[PDB]
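The listed protein sequences derive, respectively, from chains D and F.
For the first sequence, position 14 matches number 595 in the deposited numbering, and the numbering has no gaps at all.
For the second sequence, position 24 matches number 429 in the deposited numbering, and the numbering has no gaps at all.
In this text, a Cβ means the ideal position worked out from N, Cα and C, and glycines have one as well.
Please read the structure below before turning to the comments.
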Amino acid sequence: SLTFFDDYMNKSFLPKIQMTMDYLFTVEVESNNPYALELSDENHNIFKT
Amino acid sequence: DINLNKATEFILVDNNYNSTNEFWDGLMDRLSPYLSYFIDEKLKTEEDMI
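Shown next, in the form of structure tokens:
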């Protein structure tokens, strides 16, 4: 049962990259439809930046 | 002393919450002040009604 490199770099580390990205998007949800600071504009929201 | 906001600990809306407050207290107490100025228009006589 040779490789095993990848097999987790195939299965585990790639799906962990996908869901790690997803939770990383859940660290930018911030519950605001909208609000921001925006030197030029409104820019709606902190979501955007 | 509602809108003294280092804003915002709500943050809802980004300085638009008190608009809803004096909005709604405008609304409910409006129809009460209506009759209170209508019934109570006779009890709002041509004296200090001004």
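Asked: Residues of the region 589-604 of chain D with a CB closer than 9 Å to any CB of chain F: list them in chain order, please.; Found: none
Asked: Would a check of beta-carbon distances place D:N624 closer than 8 Å to chain F?; Found: no
Asked: Helix, strand or coil: how does DSSP classify F:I444 here?; Found: coil
Asked: Decide if the region 416-428 of chain F is in contact with the region 605-620 of chain D; the criterion is three or more beta carbon pairs, one per stretch, under 8 Å apart.; Found: yes
Asked: Just checking: is the beta-carbon of residue 358 of chain F within a distance shorter than 8 Å of some beta-carbon in chain D?; Found: Any property of residue 358 of chain F remains undetermined from this structure, which presents chain F solely from 406 to 455.
Asked: May I ask you to report which of helix, strand or coil DSSP gives D:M602?; Found: helix
Asked: To the nearest whole angstrom, what separates the beta carbons of F:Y442 and F:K449, a pair I think is in contact under 8 Å?; Found: 6 Å
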